[PDB]
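Participant: Here's my sequence, what's the structure:
(2 chains, ligands or ions: 4)
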Number of protein chains: 2
Amino acid sequence: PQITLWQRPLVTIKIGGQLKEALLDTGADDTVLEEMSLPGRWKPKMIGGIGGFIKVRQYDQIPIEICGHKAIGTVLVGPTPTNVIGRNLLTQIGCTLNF
Amino acid sequence: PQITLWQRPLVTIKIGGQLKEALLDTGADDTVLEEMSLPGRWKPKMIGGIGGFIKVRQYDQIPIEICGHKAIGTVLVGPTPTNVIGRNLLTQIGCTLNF
Ligand SMILES: COC(=O)N[C@H](C(=O)NN(CCC[C@@]1(O)Cc2ccc(cc2)C/C=C\CNC(=O)[C@H](C(C)C)NC1=O)Cc1ccc(-c2cccnc2)cc1)C(C)(C)C
Ligand SMILES: [Cl-]
Ligand SMILES: [Cl-]
Ligand SMILES: [Cl-]
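Facilitator: Residues are numbered from 1 along each chain as shown, chains lettered A, B, ... in the order given. Ligands and ions are numbered 1, 2, ... in the order given. The structure is reproduced below:
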């Protein structure tokens, strides 16, 4: 698709068999989702946003569909204000910025 | 141009007679820059991101140039860790997400 930016670029993702809404965020290195359960072991990460830092749980090699496009990669889980899809997954689904 | 997302999408902006580097951020409602002077009226605003909120000054009808594309819009100024170009200006230079 081609997504214009007059509204928030909110898309449906699927992760762990569940649908969620998330924001396609080219300003984010990483993908960070609201509290949820994921399988396997997690590692610590501290990520910084415009308001400061939060601690998150890092899960690797997680399957996630984004607008129907299949990706498998790192998903952080923590107290984010919204679900954000960052460049780590945007690159997997072939996203670019164009003007 | 077509801008890849392997790296952070940083560009040069011209604003208030100054050249600055900033991040093209499809996930950001607003454009927010580190402390700088701008002409004209302003009013305070709280904006939120990962980590919570910061207080910024809101300047309206500010001319900006982004990759040689001229636009005008609201620019927020305050203690953001990094300069962000948000959707309010990305629309004006015809920026889209494509995959
Ligand atoms: C490499 O770090 C990151 O990639 N951080 C990212 C990040 O915060 N990146 N930002 C871009 C802004 C992200 C976000 O779009 C993320 C976001 C957050 C909330 C919402 C949408 C999108 C919805 C709620 C309110 C609307 N808020 C916003 O639209 C704000 C804008 C006002 C700025 N939008 C955002 O904050 C830019 C950013 C980059 C680095 C830092 C940073 C650097 C050094 C020390 N501390 C922080 C801070 C901000 C993460 C999402 C992974 C935390
Ligand atoms: Cl990844
Ligand atoms: Cl505006
Ligand atoms: Cl348009």
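Participant: What parts of chain A come near ligand 1?
Facilitator: Residues of chain A lying close to ligand 1 by CB under 6 Å from any ligand atom are A:23, A:25, A:27-30, A:32, A:47-50, A:81-82, A:84, A:86. Just so you know, the C-beta spots here come from the backbone N, C-alpha and C atoms, and that holds for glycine as well.
Participant: Is it possible to mark the buried ones in those?
Facilitator: When the residues of chain A next to ligand 1 are checked for burial by 16 or more other CB atoms under 10 Å in any protein chain shown, the buried set is A:23, A:25, A:27-28, A:30, A:32, A:47, A:49-50, A:81-82, A:84, A:86.
Participant: Take those residues and write them to a markdown table, including distance to residue B:8.
Facilitator: A markdown table is the format used below for these (distance: CB to CB, whole Å):
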| residue | distance to residue B:8 |
| --- | --- |
| A:23 | 17 |
| A:25 | 12 |
| A:27 | 8 |
| A:28 | 10 |
| A:30 | 12 |
| A:32 | 16 |
| A:47 | 14 |
| A:49 | 14 |
| A:50 | 15 |
| A:81 | 21 |
| A:82 | 20 |
| A:84 | 15 |
| A:86 | 10 |
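Participant: List the beta-bridge partners for the closest residue to residue A:9 other than its chain neighbours.
Facilitator: Of all residues beyond its chain neighbours, the one nearest residue A:9 is residue A:24 (4.3 Å), with distances taken as CB to CB, 6 or more residues apart in numbering or on different chains. Taking DSSP bridges, one finds residue A:85 as the beta-bridge partners of residue A:24.
Participant: is chain B contacted by the longest strand along chain A?
Facilitator: Of all the elements of type strand in chain A, the one with the most residues (DSSP state E) is strand A:52-66. Yes - using CB under 8 Å from any CB of the partner chain, strand A:52-66 comes into contact with chain B via A:52, A:53, A:54.
Participant: partners of whichever helix or strand comes after that strand, with directions?
Facilitator: For strand A:52-66, the following helix or strand on the C-terminal side (DSSP states H and E) is strand A:69-77. Using DSSP bridges, strand A:69-77 pairs in its sheet with strand A:32-33 (parallel), strand A:52-66 (antiparallel).
Participant: burial of residue A:7, as a residue count?
Facilitator: Burial of residue A:7 is recorded as 9 neighbouring residues (other CB atoms under 10 Å in any protein chain shown).
Participant: Report how many residues lie close to the residue lying closest to residue A:65 once chain neighbours are set aside.
Facilitator: With CB to CB, 6+ apart as the measure, residue A:14 is the residue that lies nearest to residue A:65, at 4.0 Å, once sequence neighbours are left out. Neighbouring residues of residue A:14 were enumerated by other CB under 10 Å; the total is 15.
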